[PDB]
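All remarks here apply to the structure that follows.
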Amino acid sequence: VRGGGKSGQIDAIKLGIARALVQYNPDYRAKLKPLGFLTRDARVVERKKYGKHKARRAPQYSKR
Amino acid sequence: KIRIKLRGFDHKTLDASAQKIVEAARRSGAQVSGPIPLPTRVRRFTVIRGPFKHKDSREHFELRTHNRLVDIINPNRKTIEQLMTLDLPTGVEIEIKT
Amino acid sequence: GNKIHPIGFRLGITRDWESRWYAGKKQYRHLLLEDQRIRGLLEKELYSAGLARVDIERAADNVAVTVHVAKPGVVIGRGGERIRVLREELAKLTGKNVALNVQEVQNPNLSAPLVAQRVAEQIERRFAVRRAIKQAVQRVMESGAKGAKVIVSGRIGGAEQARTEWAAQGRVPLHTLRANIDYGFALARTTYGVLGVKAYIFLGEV
Amino acid sequence: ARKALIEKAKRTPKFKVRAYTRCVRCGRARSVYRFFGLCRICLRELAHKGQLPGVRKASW
Amino acid sequence: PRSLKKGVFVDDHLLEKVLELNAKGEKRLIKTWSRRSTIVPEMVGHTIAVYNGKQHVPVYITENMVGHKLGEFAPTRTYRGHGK
Amino acid sequence: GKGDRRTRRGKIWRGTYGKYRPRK
RNA sequence: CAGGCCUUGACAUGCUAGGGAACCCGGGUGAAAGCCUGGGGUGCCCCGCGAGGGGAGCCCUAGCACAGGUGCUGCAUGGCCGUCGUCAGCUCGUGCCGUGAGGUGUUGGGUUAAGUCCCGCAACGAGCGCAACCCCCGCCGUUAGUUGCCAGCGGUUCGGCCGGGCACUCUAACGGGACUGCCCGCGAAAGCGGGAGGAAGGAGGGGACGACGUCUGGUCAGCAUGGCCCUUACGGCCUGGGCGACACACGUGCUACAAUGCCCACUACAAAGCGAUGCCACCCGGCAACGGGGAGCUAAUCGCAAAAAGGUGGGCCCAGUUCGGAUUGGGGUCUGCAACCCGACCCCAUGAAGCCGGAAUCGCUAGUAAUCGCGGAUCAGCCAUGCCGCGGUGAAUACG
Ligand SMILES: [Mg+2]
Ligand SMILES: [Mg+2]
Ligand SMILES: [Mg+2]
Ligand SMILES: [Mg+2]
Ligand SMILES: [Mg+2]
Ligand SMILES: [Mg+2]
Ligand SMILES: [Mg+2]
Ligand SMILES: [Mg+2]
Ligand SMILES: [Mg+2]
Ligand SMILES: [Mg+2]
Ligand SMILES: [Mg+2]
Ligand SMILES: [Mg+2]
Ligand SMILES: [Mg+2]
Ligand SMILES: [Zn+2]
């Protein structure tokens, strides 16, 4: 396990395990997938856009 | 045991060059350590779009410098004969050091 | 205030640079100044010939320089004596021992940079802006092209209230990042102020 | 930019702390980039023309 | 909590100029622009005049103010209050 | 907190090193 | 801004000329700039016995063409930008309608994120725009292995260290992959709902990209440019001061008011960057900033680096406190010619307001907000809590 944080690693480890499980017995999918363990969570840190403070956090204005 | 380090702004200009340096020396001597990629260093330039005020304009620029390795071990005259003679790329700067 | 440079917008794609030379983190700000210094002259002592692009390559104190022109004869010189004057007077800017070239423009009607110059030219004389534009759009369209567009800005006709004349034919899809649209701009010093002149030429696509 | 003020080109400054920068092209000073010797404005212009080799539009 | 290190700076304009005065007597007023100079024992007793950036002011240098940079006794701003 | 220049975080914040935040 | 100072002037081209003209080192005065002066000191092509006569580069002075002006006009302008707004629009050609301005098309019915698509229709089409072509992220394959690794074996000073291996991770170049293709239902069609397979599903997430026009929008102090204006000064040098002033008012932020916390110790997970007079391992001196020495790296193979939040343990015990660090006194490091005005950092002392904020008001719909730390440009140093960007942990809620 390398990269990220331990919370992220826990999840990756969870994928790897779910995956190997399938090699051992392909027939596992049919029951291992309804839980989605075989899905690669694509949620990721959003780029920090200029103009805004954090991709989205928008600077505030006074008496507009 | 010569190590070649090719760099350039254009990735295909290297892919091109590096490929040659391999196919060439792939005869007169060893088959080379194979051309290796190597991470790319990247320059960023964030410049306010317009002159005067408008601190929120910006526009992003970047100068990406690519790298390669090749690495030829076991030089045999002709191995170096296929080199010094045949050259081409312009956007490719070479570094040969054993 | 909008619209990206149509060229800069597609450098990665359909559009190579006008200076292509390897790395250099300690000399970049020197070769560049040079490339500039270069273009300096070339975009002067080479105007009347159709200076439509000055490419430049390098490789250790060796400059290429490829001046593209519509009238190379004017570049070369009588029998070929000026291209000799350039080269020398040129290496006076930089030692380097730099080459030179003169590739011609096969039909300047499809060269945006040139078209800009023609229209800016007439304006500088005193032609009817609107006309100049309509005609140029025509020529460019007249000699092939899938689309064309010209834009003169300033105090059109010496008027006091600045305006902007349009004119365009066929397609000029500035958004389609792959169209391959040649862009060109031309100034226009006048008895009463400047006038910008923009030319867009759409060629093929893929 | 005053022609007069482009004295900076005088590599002869009483003390090196007085030596500043200035744009190679427009002669600016307010925000010049070492790697280019150009100011933020001049850099975008040249950049766009494709006259800055390897330089390009960053997207991601 | 000031700082300098090792070399307590003094512009030899007035330094070499002040030690020469010691060799003899005291010259009434000594206009200087070396606002940056550090006061030293020798200067004591003298009367260096420093620039505001507008005027030269008479500053009787004492033994209890040695070390303080010159000027610093020659205020720049002209403020007498906003009141009215 | 980050405000106190003579504590671990104070240093980290000011990005400095010293008695309160040794360079290890 | 004050004072000292220069004038063809700090920078371009050119003419007339008393007249030395190349060059080089000092002295005097002064804050500096400048000003006065001594003085090693002219070859050059050419006429000539020579005294000497004359031109060229360079060179000073007088006088001339002229430089120079961030000096005015963004209501003379180019260029670039902001703005509605990434909103779903704006138009054209021919035809048709109207005496005409104009209308139709672009309206109507379904639908879409969309003038998106379907159906209809005196309109048939087209262009700018929407979408797509490009970049980053999700899965996989090929090519490449000094990154990786007992996956697999052997040796181990047991650090992947060594031999060795390209499997895996990765690095980076190409390529595959999603199209409502497939099943069910509604539908006239587009399309809508649901289901399967799949890393991913109906625009999968984020970027780049911004229509015709709008505002006498912004910028002549980036640059460019018409006109007006100054040309011993509205030009130029220098030294110093000012842009850092304060009784006050507002905007944007930082730190905090504490126990879901503060502190000390031990211990663990990241990404993106940067590095020549540069990053600085390690050692020593110092409480420390830092200093002296000194290896490695031109940087996937060395360094900045310690990630912080987190985990384990221990302290504090509800206090204006072991909360919070303003303010001030003292000592000192480093940069820099120089840190009084006016730098940053270290250490001792001091230890303020502040107990969650009136009327009013802002951001954000998910890997978002919130919170935590890390890098970069500019840059000697730095007033950066600003800005651009990176990854960690990671919600609430949406009837309408
Ligand atoms: Mg974040
Ligand atoms: Mg500076
Ligand atoms: Mg505390
Ligand atoms: Mg305007
Ligand atoms: Mg404008
Ligand atoms: Mg204004
Ligand atoms: Mg009627
Ligand atoms: Mg009719
Ligand atoms: Mg459409
Ligand atoms: Mg689009
Ligand atoms: Mg206005
Ligand atoms: Mg200010
Ligand atoms: Mg939203
Ligand atoms: Zn510039």
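Sequence positions for chain D are given in Swiss-Prot numbering; the residues included correspond to 2-61, in order.
Recorded method is X-ray crystallography, 3.0 Å.
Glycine is no exception: its Cβ is also placed from the backbone N, Cα and C atoms.
Taken verbatim from Swiss-Prot:
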type    : residues                   : note
BINDING : D:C24, D:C27, D:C40, D:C43 : Zn(2+) binding site
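Same-chain residues that are not part of D:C24, D:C27, D:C40, D:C43 yet have a Cβ within 8 Å of the Cβ center of the Zn(2+) site turn out to be D:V25, D:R26, D:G28, D:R29, D:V33, D:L39, D:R41, D:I42, D:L44. Under DSSP, D:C24 (Zn(2+) binding site) is assigned to coil, being neither helix nor strand in the three-state scheme.
Cβ neighbour count for D:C40 (Zn(2+) binding site): 24 (other Cβ atoms within 10 Å of its Cβ, all protein chains included).
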